[PDB]
Each structure stands twice: as C-alpha cells, then as structure tokens.
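Residue numbers (PDB author numbering): 261 to 333. Even for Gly, the Cβ is constructed at its ideal location relative to N, Cα and C. Okay, so here's the structure we're looking at.
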Amino acid sequence: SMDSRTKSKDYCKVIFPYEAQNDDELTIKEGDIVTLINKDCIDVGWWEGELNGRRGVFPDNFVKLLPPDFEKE
C-alpha cells in the first residue's frame, strides 16, 4: 500500500499530455493531476512525480506547479 505521509509535499496539474518513454519515465494526460515527489537535478526541466500509482520522471514544461494555498492532503 504505497502511500504518502508527509506535510512538505507538492502537487502539479498536467497542462499537456506526455507518455512515459520507459518505466523510468512517468505518463501524464492533459487535465490530470500529478503529485510532485522529487525534482531532478542534471535533468533541467524535469521533475519526479507520481500519477495513477505510477512514480517516475516527466518534463516540467508539460506540467503546472500548483500554488502554496492549493493542498489536496
């Protein structure tokens, strides 16, 4: 039962579609919401998040970081 138990979290709204080229990547569909878990370093413009129970990496250029007020959990 993979779940999150932390206060310092982050959420992002899928602005555009993006299929994970591999298991290492994460798939996202426009309109959906991805939970930001980590943030790549050498991968400028890429962040690590989770969606539909799938954790991976995706282009930050295809997602919109939610405000500090918007908090699902």
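Distance CB(residue i)-CB(residue j) smaller than 8 Å
| i | j | result |
| --- | --- | --- |
| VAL304 | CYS272 | no |
| residue 337 | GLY316 | What is shown of the chain runs 261 to 333, which leaves residue 337 out entirely. |
Rounded straight-line distance, which links the Cα of residue j to that of residue i
| i | j | result |
| --- | --- | --- |
| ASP283 | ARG314 | 9 Å |
| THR287 | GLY309 | 10 Å |
| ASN298 | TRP307 | 6 Å |
| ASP300 | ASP320 | 10 Å |
| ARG265 | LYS332 | 13 Å |
| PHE276 | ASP292 | 9 Å |
Option in the options with minimal Cα separation from residue i
| i | options | result |
| --- | --- | --- |
| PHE318 | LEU326, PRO328, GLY291, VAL274 | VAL274 |
| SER268 | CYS301, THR295, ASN321, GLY291 | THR295 |
| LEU326 | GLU290, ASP270, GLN281 | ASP270 |
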